[PDB]
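Okay, so here's just one chain, in structure tokens, the form solved without the partner chain.
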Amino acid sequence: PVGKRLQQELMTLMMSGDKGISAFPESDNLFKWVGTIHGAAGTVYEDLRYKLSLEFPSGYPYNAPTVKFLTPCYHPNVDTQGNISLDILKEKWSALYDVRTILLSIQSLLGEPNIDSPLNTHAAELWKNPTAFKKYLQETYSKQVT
């Protein structure tokens, strides 16, 4: 029933047509997916894109999947390993959330960080100055495509 649910979740994702979100399982393993997120329009992450891995452990859906950024991401709530501090992925994970909900939540986090409990203190600090933030973000992102 778990593999079935994941297939149904992929179909839901495909027919929803949400902008800037995309993900599929690897051909040999339905329990490991790779996804892509684009920053939401109007945010400093607009026009930038990031790849993420999604792994569904044996305890899923009771236990949350492990989600990490594969593309380096400079952001208050992401660390050097691509780990993400997002409540719904940890303490507030619910077995009723689908892949679409997770992707949308992470896309939303890009534009609205939790700067009170950061993983990247420097980014949390610079966030107060958007122009300055945008600049460092683009600079750092830029060094991720050459």
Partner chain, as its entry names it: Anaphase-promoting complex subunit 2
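Residue numbers count along the first chain shown, from 1.
Between the stretches 109-117 and 46-54, it is 109-117 that shows the larger average CA temperature factor. Stretches compared: 134-142, 6-14. Higher mean C-alpha B-factor in the entry: 134-142. Out of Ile102, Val34, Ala40, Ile84, the entry records its largest CA B-factor for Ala40. Placement of the Cα temperature factor of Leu126 within the chain: highest third of the modelled residues, per the deposited record.
Just so it is clear, the following notes concern the form solved in complex with the partner chain, a form of the same protein that is not shown.
Looking at 87-95, 73-81, 25-33, 106-114, the stretch with residues near the partner chain in the deposited bound form, meaning non-hydrogen atoms within 4.5 angstroms, turns out to be 25-33. Remark: none of the three candidate residues (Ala40, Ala132 and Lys135) comes within 4.5 Å of the partner chain in the deposited bound form, counting heavy atoms only. The closest heavy atom approach of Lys51 to the partner chain in the deposited bound form falls within 4.5 Å. Among residues of the shown chain, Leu10 is one whose heavy atoms approach the partner chain to within 4.5 Å in the deposited bound form.
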